[PDB]
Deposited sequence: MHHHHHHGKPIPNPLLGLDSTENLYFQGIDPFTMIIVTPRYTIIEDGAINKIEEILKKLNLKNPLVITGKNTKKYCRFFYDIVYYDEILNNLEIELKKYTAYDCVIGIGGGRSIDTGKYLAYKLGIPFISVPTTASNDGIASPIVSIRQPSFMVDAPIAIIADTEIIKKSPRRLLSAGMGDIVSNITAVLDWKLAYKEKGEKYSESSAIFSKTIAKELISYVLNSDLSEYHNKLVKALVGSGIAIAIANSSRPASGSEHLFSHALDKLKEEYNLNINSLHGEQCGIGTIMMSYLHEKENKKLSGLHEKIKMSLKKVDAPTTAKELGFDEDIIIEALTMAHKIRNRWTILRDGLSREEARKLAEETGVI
């Protein structure tokens, strides 16, 4: 058991102004900032700044040997790139999200390219809820999709334990699952005035659960496989579809939950509750809303189990006919 977690986590209005304080506490002096064109406006300091584009191709091409840490400011891509870069340089990474679209905020996962892999958790998470509150609404709605995914991820994890003796941690699993349930329950019971705040807390919690389990298992299962398959097909067929990771995972969750329901009647109705929670925050729940033809959904379903060697409710895979029935019966198509 060797586990790397964040040292500092700040979630509050104006948190972006604590960067200096946090750097000082960690005895860090020379960061490189990674950001995006749309998020550069929040980089209010004098550190060196670089856009994640102009790293992601040149890639490996000591230009960076002077920096003692990396600060990722922005969306999932900014953070993911900064995280990867920090790993390559052997230095600490500070995560400064400007939205709440995915759990990459505090996770040890780097997802530049599939397959994903593990690195250190960010040494600090500085989440300015004033900035995040104003981020495009669609991104906040997408975060719900990433959170509900923990439910099917955990069901899949238990399943792999039972059927394949995969290493399993009950306390990590229930932590992850409960994070999602807290948020669902908040979404279904409230006026949503603190949604952004509770969402960020959930995404961060989800990152910590990953760190603690030393695996993306508590946060990524078949629903994520489905989303990754969608991604492969967008690239393959050159679809120009602006769907987000969280949105895809949310829809995946709906379907995968339903598969677990078939085998365990105690869970019956789970998928509908999830669906409701997604609709309540305006996340998409159908292929049409997400921007996909029904055939892409189906194909993604049939290929999802092959995306990674990770046992899930999909087992050895869905037939085309099964996939269609599933998507039909859950209202996705």
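Write out the missing regions of the deposited sequence in sequence order, one range per stretch.
Sequence ranges with no C-alpha atoms are 1-33, 95-96.
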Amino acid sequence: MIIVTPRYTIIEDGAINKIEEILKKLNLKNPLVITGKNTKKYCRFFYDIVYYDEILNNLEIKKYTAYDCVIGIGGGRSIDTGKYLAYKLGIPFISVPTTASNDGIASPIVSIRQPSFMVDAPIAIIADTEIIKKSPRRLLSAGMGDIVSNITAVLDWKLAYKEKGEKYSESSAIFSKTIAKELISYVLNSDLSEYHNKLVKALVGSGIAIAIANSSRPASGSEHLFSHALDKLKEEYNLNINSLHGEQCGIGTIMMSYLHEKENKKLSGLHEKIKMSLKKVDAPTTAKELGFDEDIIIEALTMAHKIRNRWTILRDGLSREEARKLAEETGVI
From here on, numbers count along this sequence of modelled residues.
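Comparing average C-alpha B factors as deposited, tell me which of 275-283 and 290-298 sits higher.
The recorded data point to 290-298.
Out of 9-17 and 318-326, which stretch has the higher average CA B-factor listed in the record?
Comparing averages over the C-alpha atoms only gives 318-326.
From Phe175, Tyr161, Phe93, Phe226, can you pick the one with the highest C-alpha B factor in the entry?
Each of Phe175, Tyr161, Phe93, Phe226 was compared by C-alpha B-factor; the highest is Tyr161.
Tell me, please, which of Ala202, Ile151, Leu239, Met144 has the highest C-alpha B factor according to the deposited entry?
Result of the comparison over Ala202, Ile151, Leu239, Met144: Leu239.
Please place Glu261 in the lowest, middle or highest third of its chain by C-alpha B factor as given in the entry.
Answer is middle: the recorded C-alpha B-factor places it there.
Name the third of the chain's ranked CA B-factors that contains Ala66, choosing lowest, middle or highest.
As the PDB entry reports it, the C-alpha B-factor of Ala66 lands in the highest third of its chain.
Which third, lowest, middle or highest, does the CA B-factor of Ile49 fall in along this chain?
It falls in the top third of the chain.
Split the chain's modelled residues into thirds by Cα B-factor; is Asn38 in the lowest, middle or highest one?
Highest third, going by the recorded CA B-factors of the chain.
Sort the modelled residues of this chain by their C-alpha B factor and say whether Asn197 lands in the lowest, middle or highest third.
Answer is middle: the recorded C-alpha B-factor places it there.
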